[PDB]
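Encoded as structure tokens, the following chain is the form deposited in one PDB entry, with no partner shown.
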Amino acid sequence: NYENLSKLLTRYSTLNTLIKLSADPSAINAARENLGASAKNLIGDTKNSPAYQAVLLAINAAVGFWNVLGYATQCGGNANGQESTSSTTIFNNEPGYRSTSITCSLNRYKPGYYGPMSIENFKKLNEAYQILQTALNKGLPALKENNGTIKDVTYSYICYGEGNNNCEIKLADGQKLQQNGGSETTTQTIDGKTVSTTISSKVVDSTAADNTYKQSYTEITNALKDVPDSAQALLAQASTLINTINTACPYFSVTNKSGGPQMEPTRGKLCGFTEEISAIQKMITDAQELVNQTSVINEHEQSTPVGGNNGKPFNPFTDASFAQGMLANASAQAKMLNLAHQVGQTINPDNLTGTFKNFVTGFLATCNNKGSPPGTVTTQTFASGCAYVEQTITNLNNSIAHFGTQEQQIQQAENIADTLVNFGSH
């Protein structure tokens, strides 16, 4: 228990300095400029922002997980999770085996746990997937630009074969969507905005010219309009993607072969990737927490200069009501940056082990496409991430390494504010 300040500042000399800076409005104003600039780096910039890279990384890991495993994942049946007798259902723009589609044509077995994925669950997964790929392909916006949209996300699936009822669309009046050329509007909420979808139905006969299934089919097109692309929006989709996979917990089976890296386990149930799925969920959650710091930073601009209220010298004990704002802003920035770092450390294979490590290095953080733009599904996407997972970790690191000064400024600003806040009680 120290009696006085000189004995206290003998030992901790940086504290003397920090007091001198707390009394000097030009020092204070410099700190507040820094907070301006470092804020711009976190939420206004993209490639140089750890926050941006961490969000992108969380999204990419969810997408990549499905790009790795979706082709091996067994799916089938009819509506409401029922088994089917001869129902083939095909989703376009999905990473199937040697294909840009996933066929779900497993008949007879009941969809469910350690079983086929229901078409209901696929649908739910696929929409999240289509939106994420579309956004990745268009490139994500800076964190603060949370009011933009994707003009158009469009995806189709097709149902064929006797008894297949997966393209029957009910609608809220209880009326069926007209199967030949029906077309109807739907809504849902995506971070607090109402998004319309134009859902439409087409029938194509067996004998139609170059219907290559020589089987008649119903095609469902879904056209979403003005889909929000904020972080908070795409994380929620990512969350839906991975939680869908995880709750449905379908059976899957990959054939390993000789040569390549080796899937462990080769077969089982998707939710058996507990370590992988946990981390992806944790990444998503931490990116949500990080993004929520954006508003705290915005609510507390630091661009108004601060002075000795009346042309007379600055008094730290009375002239510094701005300090609670400045403390909260800096703490928000620090928190973003930590969260950002936490996100990369959850998936970075340098700290992984075992089969989880062999998942990320052998599969997730690779791409067998032959480098195409993000969001691209090709006939070699399957069994590899193809979501720039390594490149994204590398950039998160590079962004963090290039934030060394900025991080020190934030700390300094925080202590200065803290110091003022203190003086400011009494």
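Throughout, rigid core stands for the largest set of C-alpha atoms superposing within 1.5 Å between the two forms. All residue numbers refer to positions in the sequence shown, first residue = 1.
This next part talks about the form deposited in another entry, which is not shown.
No residue in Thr247, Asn309, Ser86, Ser278 other than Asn309 shows a CA shift of 2 angstroms or more between this form and the one not shown after fitting the rigid core.
Relative to the superposed rigid core, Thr10 undergoes a CA displacement of at least 2 Å between this form and the one not shown. The Cα-Cα distance between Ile416 and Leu9 is lengthened by 3 Å or more in the other entry relative to the form shown here.
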